Amino acid sequence: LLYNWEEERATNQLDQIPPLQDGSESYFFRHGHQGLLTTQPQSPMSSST
Amino acid sequence: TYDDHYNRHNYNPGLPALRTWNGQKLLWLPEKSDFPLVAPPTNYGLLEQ
Amino acid sequence: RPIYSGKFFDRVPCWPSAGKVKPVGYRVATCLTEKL
Amino acid sequence: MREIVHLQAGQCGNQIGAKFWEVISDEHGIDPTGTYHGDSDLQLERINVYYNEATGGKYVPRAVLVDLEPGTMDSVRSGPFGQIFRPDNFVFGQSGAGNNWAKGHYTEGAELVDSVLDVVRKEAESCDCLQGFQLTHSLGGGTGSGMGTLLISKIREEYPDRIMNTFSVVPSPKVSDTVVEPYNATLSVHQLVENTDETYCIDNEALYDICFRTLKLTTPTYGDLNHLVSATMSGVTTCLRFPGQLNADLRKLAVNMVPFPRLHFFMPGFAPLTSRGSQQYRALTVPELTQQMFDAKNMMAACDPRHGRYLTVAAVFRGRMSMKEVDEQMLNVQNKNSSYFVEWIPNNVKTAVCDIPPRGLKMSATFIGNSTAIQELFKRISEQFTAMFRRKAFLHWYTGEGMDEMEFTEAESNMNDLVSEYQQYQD
Amino acid sequence: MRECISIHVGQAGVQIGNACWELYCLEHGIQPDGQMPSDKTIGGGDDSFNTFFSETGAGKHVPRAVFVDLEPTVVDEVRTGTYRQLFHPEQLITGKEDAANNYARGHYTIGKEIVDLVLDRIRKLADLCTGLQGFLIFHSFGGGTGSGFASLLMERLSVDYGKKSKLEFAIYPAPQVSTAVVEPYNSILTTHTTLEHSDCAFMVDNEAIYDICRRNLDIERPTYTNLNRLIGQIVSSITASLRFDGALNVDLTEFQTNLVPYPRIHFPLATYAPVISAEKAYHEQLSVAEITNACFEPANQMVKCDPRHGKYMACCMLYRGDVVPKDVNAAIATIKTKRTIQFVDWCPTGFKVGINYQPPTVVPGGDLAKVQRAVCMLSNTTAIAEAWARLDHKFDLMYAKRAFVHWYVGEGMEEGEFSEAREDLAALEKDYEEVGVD
Ligand SMILES: Nc1nc2c(ncn2[C@@H]2O[C@H](COP(=O)(O)OP(=O)(O)OP(=O)(O)O)[C@@H](O)[C@H]2O)c(=O)[nH]1
Ligand SMILES: Nc1nc2c(ncn2[C@@H]2O[C@H](COP(=O)(O)OP(=O)(O)OP(=O)(O)O)[C@@H](O)[C@H]2O)c(=O)[nH]1
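Residues numbered from 1 in each chain as written, not as in the entry; some residues may be left out. Chains lettered and ligands numbered in written order. Part of a larger assembly, values for the part shown. Heavy atoms only, no water.

1. Observations concerning the overall build of chain C
Of regular secondary structure, chain C possesses 0 helices and 0 strands. The principal-axis extents of the C-alpha atoms in chain C amount to approximately 40 × 20 × 15 Å. A buried classification covers 8% of the 36 residues belonging to chain C. Summing over all exposed atoms, chain C offers an accessible surface of approximately 3300 Å²; the carbon and sulfur share of this is 64%. (Helix = DSSP H or I, 4+ residues; strand = E, 2+ residues; numbered from the N terminus. Buried < 20%, exposed > 50% of the residue type's maximum accessible area, 1.4 Å probe, protein only. Areas by Shrake-Rupley, 256 points an atom, 1.4 Å probe, with all protein chains shown as cover.)

The structure is reproduced here in structure tokens:
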């Protein structure tokens, strides 16, 4: 445990796209990551009006 | 000198990490004061022709 | 066993030396405990 | 978070720490190259208290090597773990020592204090918030006492809000090797008593006696002695780095041992010391540990407190124990020798319980003692000074440097005050 | 770094210096040519020789000692010797005229136009050196050229270099053997000049060296070869700290601090314990105990002094070899318990220990033993004043009737300096007596 421990350890299991080359996380995540949504992939089909 | 540094790519039989904690100057030293002298220096193709 | 000095360097071991080399016990094995 | 930065001074502290970091590293399981072999979550957890992070999983030791003579450091850098040690942290002087206190305290220090201060603050800025600092050196050490006395003075005004841990070995009472050694003692301990808050007292003769008693191996190395004391310093530091319901902070401890300001000198106490057959002849049980914990023979610090009494007692336990065997055992010893404590304070025990056992043995402990047994220590040297200051031996060196006997007058006057002070509190 | 420069004055002081370097090249494996085998030890000049030799880009180990003499016979002979190729020809400073044992002749007549030459050598050696802790001065009181010539040298190096050490080594005049009756005169001429400038002078006597030879080395007919080898071993032992390491490492700075009690007197005594023949070492035992008994046995010291007629101040033991603190610290504790040893009450502690895991090696074609635990005993006692007491009575007789005076005054000197030096010994002896008074 360092500063900002809990989520950093927990996020790697939910973030299942880790780059293999050293330091390429910024290169891998240059487009970005999935932060502004639920971990589940799909909530369409809701014909709820 | 140009042939050595640029063309010959410097001294081959030298040990790469020949630079570490020394004696009198107890630090990185024994790298290069000798400098290469070996191999055919004057053997380009225009001489033979 | 004269292993009490390991940094020393002799040159001619063919010529015998003298001295009554004391036996050697243990140094950190006492800190360890009971192999097997 | 709260971290620790170390200083190694004096050529002994060069050998002291070098065993001490290798003790820490092997306990945490880092290879000589530096690539940590991930095996324990908790040792990966609280490694930050002493080590910072380099690229590739290498944990730099946050300690600075200071000296004057090449060869002593030449060994340690060529030693097994010099590679993990920092050439940036290797500050040194271009001169010899002469084992002269004034030269290191006035002459050689002047051009080196600037560099070391700039160094130590750089690691101080590198880290966030200390508990404090700790120092490995000798009070009887020539260059160690000379440098440290300067640095402890300068570090006081720089950061007067942290812990000034000091780990100094007391020379052999019977022979000091160095003949001007007592002069170094006065010059050191006089300034030590004000600046420091914690002081550990260590003697080699007892370490010799410990070797004859439990080691039983006739011919040891001084590194073995380094290993023994490193186990002692490691135990008190296992408190901070490891979990378990024990309150570990040195100030959490220091307020518990120090009733009055002038109490800086403390004696250690260690846990099971065994012989060649006793390993398989010992039932590792709470009584016999504590019985061996409170053994006048298992004493190793300076001398036997039987001649005096106990001011405070504090022992921290490492292993898989419970809150009640520690509870009942203190009652047994409390009833055993109730009179040999001081009537000033009853129940002076200060216990911490570490549940994370060591690597190699499970059930262990460490003890720190403040007893009324330091009188004979400075009494012993006191006759020396009253003798050798009667006609001023070896005076022309120091006086030539700019020393005056007036400095000696207050230094002895301060200690004789402590002589009564330690005497009056108990007697 | 850690290095020093040696000086060897006079035909007397040169053969011993050769033996030391000869001894020194053995433990360094130096071939007579000047280069090691195909094994890699050369570079910018950085290994065990760097404190003794200068094996520069030329690949030739250059010893850091200067041989100065005034008579070319011996120095040219060694210039025809075995190792002369290593030795630098003008570092082998020679002369064409003698001093006729006259201190002033070697101090005034010729040294003037020679000191400038060596001063160039000293500075040209000084610039290339880095640590340069001090100097190794080999000389003799009974120096026909050693006395006068070195004395002026020691002054000139003192005035320009006063911040570093100067280690003096000389044979002390034999108490009852006199190879010259002009030898006495220059002796105090040296002492009175050197008392206020010399840092540390360590003395020895030849007769006791011979006495050792047929006592335990069992040689009734030795030579200088053994005589120079033994003393060369002595300086080798004290310099092993510069060469090798041990449990603790000590330097001449610590020797000068912890040995000399007070100014003026800087004259301790040296002794090496494991001096024994070869066949004896085969079926007998060496340990710290008996050698500590042997080194402190009064007949084992090489100067004619009785320790029971004096009192000790300091003691330095340099245990060269494989030993442990335990037996060493226990044995010295037993030594402190001894009642015959009358250390001055002024010193509660007087023991300076230097541990070095290196044991001394044998020399090919030698006569020493095969030692594993060796120690050099350096100590100063009050039993030394009798030597100066033995001195003054031969002088007051000689000076009362002015023998040989026409010689010394004929070349331009007078009696005031001779008068001056006598009260210096009178100052020296009461100093010895007064410090002896506790
Ligand atoms: N390293 C080391 N020190 C020892 C040992 N035994 C005793 N000591 C003492 O530990 C002291 C501390 O060493 P330093 O403070 O580094 O010594 P210094 O300031 O360079 O000068 P000195 O104390 O004269 O050596 C020394 O004075 C020794 O007397 C040993 O086995 N190893
Ligand atoms: N140092 C040394 N002295 C020796 C040796 N052999 C004999 N001696 C003694 O050393 C003394 C030599 O001193 P001096 O004669 O004054 O030598 P010098 O002053 O250098 O010059 P010279 O008069 O030419 O010899 C003699 O009196 C001998 O007693 C030797 O191998 N080495």
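Right, picking up where we left off after that structure.
2. Here's the deal with the overall build of chain D
For chain D, the helix and strand inventory stands at 16 helices and 12 strands. The C-alpha radius of gyration of chain D comes to 21 Å, within 12% of the 22 Å expected for a compact globule of 427 residues. Seen along its three principal axes, the alpha-carbon backbone of chain D occupies a region of about 60 × 60 × 45 Å. Relative to its 427 residues, chain D shows a buried fraction of 56%. Split by element, the accessible area of chain D, about 18900 Å² in all, is 61% carbon and sulfur. In chain D, the 37 positive side-chain charges and the 52 negative ones have mean positions that sit 6 Å from each other. (Rg over C-alpha atoms; globule rule 2.2 N^0.38 Å. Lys, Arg positive; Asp, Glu negative; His and termini not counted. Charge placed at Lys NZ, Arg CZ, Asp CG, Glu CD.)

3. Notes on the site of ligand 2
Residue and element names in this part refer to chain E. Near ligand 2 lie 14 residues; those nearest to it are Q11, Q15, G144, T145 and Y224. Measuring from an oxygen atom of ligand 2, one finds a backbone N or O atom of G142 at 2.7 Å. With respect to ligand 2, the backbone of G146 contributes an N or O atom lying 2.7 Å from an oxygen atom. A total of 650 Å² of accessible area belongs to ligand 2 in isolation, and the protein chains cover 75% of it. (Near = heavy atom within 4 Å. Polar contact = N/O pair within 3.5 Å; in protein donor to acceptor, adjacent residues only side chain to side chain.)

4. Considering the interface of chain D and chain E
Listed per partner, the contact involves 29 residues of chain D and 28 residues of chain E. Of the roughly 2200 Å² buried where chain D meets chain E, counting both sides, 59% is carbon and sulfur surface. Where chain D meets chain E, there are 1 salt bridge. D438(E) is the partner of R391(D) in a salt bridge, and the nearest nitrogen-oxygen pair spans 3.7 Å. At the boundary of chain D and chain E, one finds 4 residue pairs in polar contact. Those elements giving two or more residues to the side of chain D that touches chain E turn out to be α8 (204-215), α14 (375-388) and α15 (395-401) of chain D. Looking at the side of chain D that touches chain E, the element that brings in the most residues is α8(D), giving 4 residues. The residue inventory of the side of chain D that touches chain E, partitioned by class, reads 17 nonpolar, 8 polar and 4 charged. (Contact = heavy atoms within 4.5 Å. Buried area = accessible area lost by both parts, 1.4 Å probe. Salt bridge = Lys/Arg side-chain N within 4 Å of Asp/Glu carboxyl O. Nonpolar A, V, L, I, M, F, W, Y, C, P; charged D, E, K, R; others polar.)

5. A short note on the pattern of salt bridges
Side chains that differ in charge, positive against negative, can pair when their charged atoms come close. Under the counting rule described, the total for this entry stands at 19 salt bridges over all chains. Measuring nitrogen to oxygen at the nearest pair gives 2.4 Å for the salt bridge that ties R46(D) to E45(D). Among the residues examined, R46(D) registers a relative accessible area of 39% and is labelled partly exposed. A salt bridge links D431(E) to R264(E); the nearest nitrogen and oxygen atoms lie 3.7 Å apart. Here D431(E) is found in helix α15 (residues 416-436), whereas its partner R264(E) is found in the loop between α9 (252-259) and β7 (269-272), with 167 residues between them in sequence. When its relative accessible area of 43% is taken as the criterion, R264(E) is described as partly exposed. What you see here is one network of salt bridges that share partners, running through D3(B), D4(B) and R8(B).

6. Some details on the site of ligand 1
All names here are of chain D. Taken together, the residues surrounding ligand 1 are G10, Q11, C12, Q15, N99, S138, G140, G141, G142, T143, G144 and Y222. The separation between an oxygen atom of ligand 1 and a polar main-chain atom of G142 is 2.4 Å. In the model, an oxygen atom of ligand 1 is placed 2.9 Å from a nitrogen or oxygen of the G144 main chain. Relative to its free-state accessible area of 610 Å², ligand 1 is covered by the protein chains to the extent of 78%. Looking at the shell around ligand 1, the elements with two or more residues in it are α1 (10-28) and α6 (142-158). Here the shell around ligand 1 takes 4 residues from α1, the largest share from any one element. When the residues that make up the shell around ligand 1 are grouped by side-chain class, the tally is 2 nonpolar, 10 polar and no charged.

7. What to know about the packing of aromatic side chains
Using the criterion set out here, one finds 28 aromatic pairs over all chains in the structure. Judged by centre distance (4.8 Å) and plane angle (55°), the rings of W21(E) and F53(E) are tilted. Of this pair, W21(E) sits in helix α1 (residues 10-27) while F53(E) is found in the loop between α1 and β2 (65-68), placing the two residues 32 residues apart along the sequence. The class of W21(E) is buried, set by a relative accessible area of 7%. Feature note: the residues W21(E), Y24(E), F52(E) and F53(E) constitute an aromatic cluster, connected by ring pairs. One cation-aromatic arrangement involves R306(D) over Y340(D); the distance from NZ or CZ to the ring centre is 4.2 Å. Positioned above the aromatic ring of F389(D) is the side chain of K392(D), whose terminal nitrogen or guanidinium carbon lies 5.5 Å from the ring centre. (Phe/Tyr/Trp six-rings, centres within 6.5 Å; stacked < 30°, edge-to-face > 60°. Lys NZ or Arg CZ within 6 Å of the ring centre and 35° of its normal.)

8. Section: the sheet that holds strand β9 (residues 265-270) of chain D
Residue and element names in this part refer to chain D. Read across the sheet, 10 strands follow the order β5-β4-β1-β6-β7-β8-β9-β12-β10-β11 without closing on themselves; strand pairing throughout is mixed. On the outer flanks of this sheet lie β5 (90-92) and β11 (352-354), each paired with one strand and no other. The sheet shows a mean angle of 25° between the axes of neighbouring strands, taken without regard to direction. Relative to β9, strand β8 (residues 198-203) runs parallel, the two sharing 2 bridges. Across the sheet, the residue bridging to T199 is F265, located in β9. (Pairing = 2+ DSSP bridges. Axes fitted to C-alpha atoms, helices over the stretch in contact; angles between N-to-C directions.)

9. Considerations on the packing of helix α7 (residues 181-195) of chain D against helix α16 (residues 405-426) of chain D
Residues and elements named next belong to chain D. The interhelical angle for the contact between α7 and α16, taken along N-to-C directions, is 65°, at an axis separation of 9 Å. Relative to α16, the crossing made by α7 is left-handed. Contacts between α7 and α16 involve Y183, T186, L187, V189, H190, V193 and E194 from the first element and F408, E410, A411, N414, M415 and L418 from the second. A per-class count over the contact of α7 with α16 returns 8 nonpolar, 3 polar and 2 charged. (Left-handed = near helix turned anticlockwise from the far one by under 90°.)

10. Topic: the nonpolar core
If you look at the biggest cluster of nonpolar residues, it comprises 69 residues, and the most contacted ones within it are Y398(D), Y319(E), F343(E), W388(E) and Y432(E). Setting aside its immediate chain neighbours within four residues, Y432(E) contacts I265(E), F267(E), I384(E), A385(E) and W388(E). (Core = buried A, V, L, I, M, F, W, Y, C linked by side-chain atoms within 4.5 Å.)

11. Some thoughts on the arrangement of the chains
Looking across the 6 pairs of chains in contact, one finds the most contacts between chains D and E. One thing to see here is that chain A and chain C don't touch, and their nearest C-alpha atoms sit 31 Å from each other. Separated without contact, chain B and chain C have their nearest C-alpha atoms at a distance of 18 Å.

12. Some remarks on the pairing of strand β8 (residues 312-321) of chain E
Residues and elements named next belong to chain E. Burial runs high along β8: 10 of the 10 residues are buried. Sheet topology note: the β8/strand β9 (residues 351-356) ladder contains 6 bridges and is parallel. The partner of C315 across the bridge, within β9, is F351. Handedness of the β-α-β unit built from β8, helix α12 (residues 325-337) and β9 comes out right-handed. (Right-handed = clockwise from strand over helix to strand, strands pointing away.)

13. Things to note about helix α7 (residues 206-215) of chain E
Residue and element names in this part refer to chain E. Along α7, the residues that are buried comprise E207, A208, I209, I212 and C213. Those residues of α7 that are buried lie in contact with β6 (200-204) and α8 (224-243). Of the residues that open α7, the one with a side-chain oxygen 3.1 Å from the backbone nitrogen of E207 is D205.

14. Re the pairing of β6(E)
Residue and element names in this part refer to chain E. Within β6, 5 of the 5 residues are buried, leaving the element largely enclosed by the surrounding structure. Here β6 shows two buried faces, one formed by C200, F202 and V204 and the other by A201 and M203. Where strand β5 (residues 165-171) and β6 come together, 5 bridges link them in parallel fashion. Looking at the pairing, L167 lines up with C200 of β6. Between β5 and its parallel partner β6, the chain crosses via helix α6 (residues 183-194), and the hand of that crossover is right-handed.

15. A few points about helix α13 (residues 325-336) of chain D
Residues and elements named next belong to chain D. For α13, spanning 12 residues, the distance from its first C-alpha to its last is 16 Å, which sits close to the expected 16 Å at 1.5 Å a residue. All of the buried residues along α13 are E325, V326, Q329 and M330. Viewed end-on, α13 has its buried residues packed into an arc of 130°, placing them on one side of the element. (Expected span 1.5 Å × (residues − 1). Arc of directions from axis to C-beta.)

16. Topic: unusual backbone geometry
A positive phi angle, close to 60°, is found at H9(B), a residue other than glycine. Mapped onto the secondary structure, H9(B) falls in the loop between α1 (2-7) and α2 (45-48). The exposed category is assigned to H9(B), whose relative accessible area is 59%. At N101(E), a position not held by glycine, the phi torsion is positive, near 65°. Structurally, the position occupied by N101(E) is in the loop between β3 (92-93) and α3 (103-109). Exposure remark for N101(E): the relative accessible area of 35% places this residue in the partly exposed category.

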